[PDB]
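Next come the chains, spelled out residue by residue.
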Amino acid sequence: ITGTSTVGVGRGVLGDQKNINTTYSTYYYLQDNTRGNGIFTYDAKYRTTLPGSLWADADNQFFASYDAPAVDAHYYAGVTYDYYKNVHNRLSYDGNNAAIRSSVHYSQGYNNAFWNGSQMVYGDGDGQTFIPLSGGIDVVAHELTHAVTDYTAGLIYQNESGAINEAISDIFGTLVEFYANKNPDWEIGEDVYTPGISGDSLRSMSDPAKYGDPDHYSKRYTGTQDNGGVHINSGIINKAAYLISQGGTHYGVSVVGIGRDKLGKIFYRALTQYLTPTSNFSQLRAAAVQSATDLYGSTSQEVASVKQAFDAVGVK
Ligand SMILES: N[C@@H](CCCC[NH3+])C(=O)O
Ligand SMILES: [Ca+2]
Ligand SMILES: [Ca+2]
Ligand SMILES: [Ca+2]
Ligand SMILES: [Ca+2]
Ligand SMILES: [Zn+2]
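Scoring rules and cut-offs
- Residues numbered from 1 in each chain as written, not as in the entry; some residues may be left out.
- Chains lettered and ligands numbered in written order.
- Heavy atoms only, no water.
- Domains from an automatic or database assignment.
- Contact = heavy atoms within 4.5 Å.
- Salt bridge = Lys/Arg side-chain N within 4 Å of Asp/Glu carboxyl O.
- Polar contact = N/O pair within 3.5 Å; in protein donor to acceptor, adjacent residues only side chain to side chain.
- Helix = DSSP H or I, 4+ residues; strand = E, 2+ residues; numbered from the N terminus.
- Nonpolar A, V, L, I, M, F, W, Y, C, P; charged D, E, K, R; others polar.
- UniProt positions renumbered as here; feature names shortened; annotations may be inferred.
- Buried < 20%, exposed > 50% of the residue type's maximum accessible area, 1.4 Å probe, protein only.
- Donors = N, O, S within 2.8 Å, 3.2 Å for Na, K, Ca; no water.
- Near = heavy atom within 4 Å.
- Areas by Shrake-Rupley, 256 points an atom, 1.4 Å probe, with all protein chains shown as cover.
- 1 Å grid on protein atoms, 1.4 Å probe; cavity = no way out; pocket = protein on both sides within 12 Å on 5 of 7 lines; lining within 4 Å.
- Sits in = over half its atoms within 2 Å of the grid points.

We note that the domain assignment places domain 1 (6-154) and domain 2 (155-315) within the chain. Here the C-alpha centre of domain 2 lies 25 Å away from the C-alpha centre of domain 1. Between domain 1 and domain 2, the residue contacts involve 34 residues of the former and 34 residues of the latter. At the boundary of domain 1 and domain 2, one finds 1 salt bridge. With a shortest N-O distance of 3.2 Å, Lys182 and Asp16 are connected by a salt bridge. In this assembly, domain 1 and domain 2 are joined by 16 residue pairs in polar contact. Counting residues per element, the ones that place at least two in the side of domain 1 that touches domain 2 are α1 (68-88) and α2 (137-151). In terms of residue class, the side of domain 1 that touches domain 2 is made up of 15 nonpolar, 14 polar and 5 charged.

As structure tokens, then:
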């Protein structure tokens with residue numbers, strides 16, 4: 001909508017207060033004009049029609065329980081925008097400041113979130129498996145990262161290319177969580193998963209096997225569930241990324257860590273310069289090796305660490 005830029009205040013899913021960028025024209029709308037062509041947050045009103053209505057509020061205060069998922073979808077889309085812009089010099093998901101659109105209150109009891117090709121979509125959860133999923137910065141950034149992958153490598157959402165697509169979203173979702181730096185970790189979705197259970201998460205990058213996901217290529221899933229295991233086999237790449245950043249010894253193979261910033265630079269360059277829609281895990285290794293070579297030199301520690309990490313997870 002056309003209007004004047006304003007700053008509202010609200011509470012997110014976990015009860016934390018934050019300022020949000022709004023637009024005033026009769027109502028205050030969840031429209032942030034300060035980032036590219038805008039960040040726009042919508043109310044799906046417990047239905048499945050998308051996007052629903054641009055979120056309108058009478059007073060620019062967003063403290064109602066119903067408001068919380070909207071607050072966080074909006075705010076964490078902004079943080080994600082800022083990460084890509086400030087860290088990778090990327091302007092929105094398409095690199096040309098495309099508008100970022102999110103809908104909250106999708107369906108009833110919906111225990112998921114997704115990128116639908118055009119926008120982000122968040123369920124409220126059923127209150128047992130999940131609380132509203134926009135409460136997780138890693139979740140928000142994971143979903144927005146699918147848009148980045150759509151516009152870049154375009155990894156096909158099936159089998160190995162699909163597992164890479166998922167891993168890229170877990171890697172950058174995690175790096176955005178570290179960027180914001182509020183109790184960051186190498187786990188996915190802990191802030192919105194199972195409110196009744198402390199200390200769990202949907203997936204772990206540091207130990208994928210804690211939630212039954214493979215941590216070595218020899219344990220890969222080759223069945224048909226989950227588009228050929230895209231959320232399962234992602235653990236193999238997630239583990240490699242974790243090892244590249246943090247180091248460790250895994251099935252007897254030692255990896256010298258090079259840290260998160262370098263992990264992000266290597267994988268951002270791989271994603272945007274070398275991966276293609278059909279890339280498999282072996283091709284990801286080559287892309288990461290070439291990217292690290294470009295950035296740091298062929299005999300560098302960074303290249304050595306990329307190679308050791310993929311060796312450690314069985315990807316040649
Ligand atoms: N995002 C994952 C996990 C959701 C958990 C199941 N409700 C998937 O779509 O497979
Ligand atoms: Ca209000
Ligand atoms: Ca965390
Ligand atoms: Ca996390
Ligand atoms: Ca939990
Ligand atoms: Zn995903």
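So, about the UniProt feature "binding site: Ca(2+) 4" in the chain. With numbering aligned to this structure, UniProt lists the feature "binding site: Ca(2+) 4" at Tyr193, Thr194, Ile197 and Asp200. Tracing the chain through its elements places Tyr193 in the loop between β12 (187-188) and β13 (203-204). Relative accessible area serves as the criterion here: at 22%, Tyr193 is assigned to the partly exposed category. Those residues in contact with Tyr193 that lie beyond four places of it in its chain are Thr129, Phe130, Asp200, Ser201 and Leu202. Polar side-chain contacts of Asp200 include one of 2.6 Å to the side chain of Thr194.

The next subject is the coordination of the calcium ion (ligand 5). Coordination of the calcium ion (ligand 5) by the protein is provided by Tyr193 (O), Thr194 (O), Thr194 (OG1), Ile197 (O) and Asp200 (OD), with metal-donor distances spanning 2.3 to 2.4 Å. The class of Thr194 is buried, set by a relative accessible area of 10%.

Near ligand 1 you find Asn111, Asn112, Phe130, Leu202 and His231, and these make up its full shell. In the environment of ligand 1, an oxygen atom lies 2.9 Å from a nitrogen or oxygen atom belonging to the side chain of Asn112. Alone, ligand 1 offers 310 Å² of accessible surface; in the complex the protein occludes 61% of this. Under a 2 Å grid-point criterion requiring more than half of the atoms, the pocket assigned to ligand 1 is the largest pocket. Class assignment for the residues of the shell around ligand 1 results in 2 nonpolar, 3 polar and no charged.

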